[PDB]
Trainee: 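This is the structure I have questions about; it appears just below.
Heavy-atom basis, side chains included; hydrogens, waters and symmetry copies ignored. Naming convention: chains lettered A, B, ... in sequence-line order (proteins, then strands); numbering from 1 in each chain.
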Amino acid sequence: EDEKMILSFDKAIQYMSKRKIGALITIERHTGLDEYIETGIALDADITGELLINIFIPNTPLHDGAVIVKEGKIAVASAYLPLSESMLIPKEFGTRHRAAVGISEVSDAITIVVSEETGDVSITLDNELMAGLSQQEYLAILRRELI
Amino acid sequence: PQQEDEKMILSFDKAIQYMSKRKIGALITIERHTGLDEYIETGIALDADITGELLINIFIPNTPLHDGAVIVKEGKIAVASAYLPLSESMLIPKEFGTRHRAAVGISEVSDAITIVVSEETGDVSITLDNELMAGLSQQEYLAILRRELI
C-alpha cells in the first residue's frame with residue numbers, strides 16, 4: 001500500500017502541472033536526508049494530494065523550498081537542498097531543478113519537480129534528470145523505485 | 001511544559017495576524033477535555049506539527065483544505081476541512097456567518113476553544129463555554145489563549 005502515497009502524489013502533480021504551480025518533493029530511500037530535513041519547517045504530516053496542493057499554492061509561506069517525504073510522512077516543507085554546480089544542466093531549468101539534481105549527487109533520493117514556468121514534470125534519480133514526463137511515465141518511475 | 005504550549009500560541013498568533021490583515025476566513029478548534037473524534041473523522045487527516053506557516057497554507061481561499069475547521073488535538077493539527085455543528089440558538093441571526101455559527105456550535109457541545117477570523121472583515125473571535133468573544137485585539141486573544149491553553 002505504498003501505492004496510496006503514489007496516487008496522493010498523482011492527485012497533487014496533475015493539479016499543479018496543469019496550473020504551472022512549481023513543486024519540489026524529495027522522497028527519502030536508503031540515504032538519510034536528516035541534515036536537510038532539519039533545515040525545513042516541521043510538518044510530520046500524513047500524505048494526501050490535498051495537503052501537497054496546499055503546500056505548493058504560489059505566494060504562500062510553504063511553496064518555496066523542498067518538501068521531503070520520509071517513511072509515510074511529509075517530514076518538512078521549505079527544506080534547503082544542496083544546489084548542483086553541474087554545468088551539464090540545460091539552464092532553461094530553474095532553482096527547483098538544481099535542488100533536484102544536487103540532492104541526487106549526494107543520495108539515492110527520488111525528487112519530483114513541477115516547473116513553475118511550464119508545468120513540465122521531472123523526476124531526478126542517480127544524477128539523471130528525466131524532464132518532459134507524461135502521467136503514465138512519472139507513475140511507472142515512482143512505482144518502480146518505491147514499490 | 002508551557003514552553004511548547006507557548007509555541008502553539010505563537011503559531012496561532014502568526015496564522016491569525018496573516019489572515020486577519022488579508023480578510024482570510026479561518027476556523028481552528030482546539031480540543032481540551034471533551035473528545036472531538038466524531039468531528040475529526042469528518043475531515044482530511046493531516047496529523048501535522050502546529051506551525052503558523054502550515055495554518056496559513058491550510059486557509060488560502062478556494063483551496064482543497066481551506067473550507068471547514070482545523071481541529072487541534074494533543075499538539076497536532078489532526079484534520080482540516082472537518083465538520084462542526086451549526087448552532088441553532090434563538091439568540092443568533094441568519095446574518096451571522098458559517099464559521100461563526102460553527103464556532104458557537106462546537107462551544108455548546110464541548111469545552112473546545114475555537115478561533116475564527118472573518119473572511120468579510122478580518123475580525124478575530126474566540127468561542128468558549130457557549131460564549132462568543134467578538135472583535136479581539138492581539139493582546140486580548142493572546143491573554144485568552146494563554147489563560148485557557150496554559
Trainee: Kindly assign one of parallel, tilted or perpendicular to the pair A:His97 and A:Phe93, based on the angle between their ring planes and the thresholds 30° and 60°.
Mentor: tilted
Trainee: Give, for atom CG of A:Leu33 and atom CG of A:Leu81, the distance between the pair rounded to the nearest 0.5 Å.
Mentor: 8.0 Å
Trainee: Are B:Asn57 and A:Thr60 linked by a side-chain donor-acceptor pair shorter than 3.5 Å?
Mentor: yes
Trainee: Any side-chain to backbone donor/acceptor pair from A:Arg19 onto A:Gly119? Under 3.5 Å, distance only.
Mentor: no
Trainee: Hey, are A:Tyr138 and A:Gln14 close enough side-chain-wise for a donor-acceptor pair under 3.5 Å?
Mentor: yes
Trainee: Could you state the interatomic distance from OG1 (A:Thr124) to CG (A:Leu129), rounded to the nearest 0.5 Å?
Mentor: 4.5 Å
Trainee: Do A:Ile25 and A:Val76 land in one hydrophobic cluster if side-chain heavy atoms of ILVMFWY residues count as linked below 4.5 Å?
Mentor: no
Trainee: Could you tell me whether the side chains of A:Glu105 and A:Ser84 share a donor-acceptor contact shorter than 3.5 Å?
Mentor: yes
Trainee: Before giving the answer on side-chain contact (heavy atoms from CB on, under 4.5 Å), spell out for A:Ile21 and A:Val114 the whole-Å C-alpha distance, their side-chain angles and the decisive distance to 0.1 Å.
Mentor: CA-CA 7 Å; A:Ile21 299 162; A:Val114 183; 5.6 Å; no
Trainee: Inspect the contact between A:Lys20 and A:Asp120 and indicate whether a charged nitrogen and a carboxylate oxygen are less than 4.0 angstrom apart.
Mentor: no
Trainee: If you measure from the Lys or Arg side-chain nitrogens to the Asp or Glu carboxylate oxygens, is any gap between B:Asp5 and B:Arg146 under 4.0 Å?
Mentor: no
Trainee: Below 4.0 angstrom, N of the basic side chain to O of the carboxylate: do A:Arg98 and A:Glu85 qualify?
Mentor: no
Trainee: To the nearest 0.5 Å, what is the distance between CD1 on B:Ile44 and CG on B:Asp67?
Mentor: 9.5 Å
Trainee: Measure the spacing between CD1 of B:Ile71 and OH of B:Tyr83 and express it to the nearest 0.5 Å.
Mentor: 11.0 Å
Trainee: Would you tell me whether A:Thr26 and A:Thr111 have side-chain atoms, one donor and one acceptor, within less than 3.5 Å of each other?
Mentor: yes
Trainee: Return yes if some donor-acceptor pair links the side-chain N/O of A:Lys73 with the main-chain N/O of B:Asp47 below 3.5 Å, else return no.
Mentor: yes
Trainee: Got a donor-acceptor contact below 3.5 angstrom from the A:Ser104 side chain to the A:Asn127 backbone?
Mentor: yes
Trainee: If we only count heavy atoms from C-beta on, is the A:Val69 to A:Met5 side-chain gap below 4.5 Å?
Mentor: yes
Trainee: Please test B:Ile16 against B:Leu55 for side-chain contact (heavy atoms from CB on, under 4.5 Å), starting from the C-alpha separation and ending with a verdict.
Mentor: CA-CA 9 Å; B:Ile16 296 166; B:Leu55 285 166; over 6 Å; no
Trainee: Within this structure, what is the CD1-CD1 distance for the pair A:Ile57 and B:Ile56, rounded to the nearest 0.5 Å?
Mentor: 14.5 Å
Trainee: Mind checking whether B:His66 and B:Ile58 have side chains closer than 4.5 Å, heavy atoms only?
Mentor: no
Trainee: To the nearest 0.5 Å, what is the distance between CZ (A:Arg96) and OG (A:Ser122)?
Mentor: 12.0 Å
Trainee: Applying the side chain to side chain contact (heavy atoms under 4.5 Å, CB included) criterion to A:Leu133, which one of A:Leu142, A:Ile112, A:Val113, A:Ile141 satisfies it?
Mentor: A:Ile141
Trainee: Is A:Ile110 linked to A:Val67 within one hydrophobic cluster, defined over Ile, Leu, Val, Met, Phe, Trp and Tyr using a side-chain heavy-atom separation of less than 4.5 Å?
Mentor: yes
Trainee: Is there a donor-acceptor pair closer than 3.5 Å between any side-chain N or O of A:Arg29 and the backbone N or O of A:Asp108?
Mentor: yes
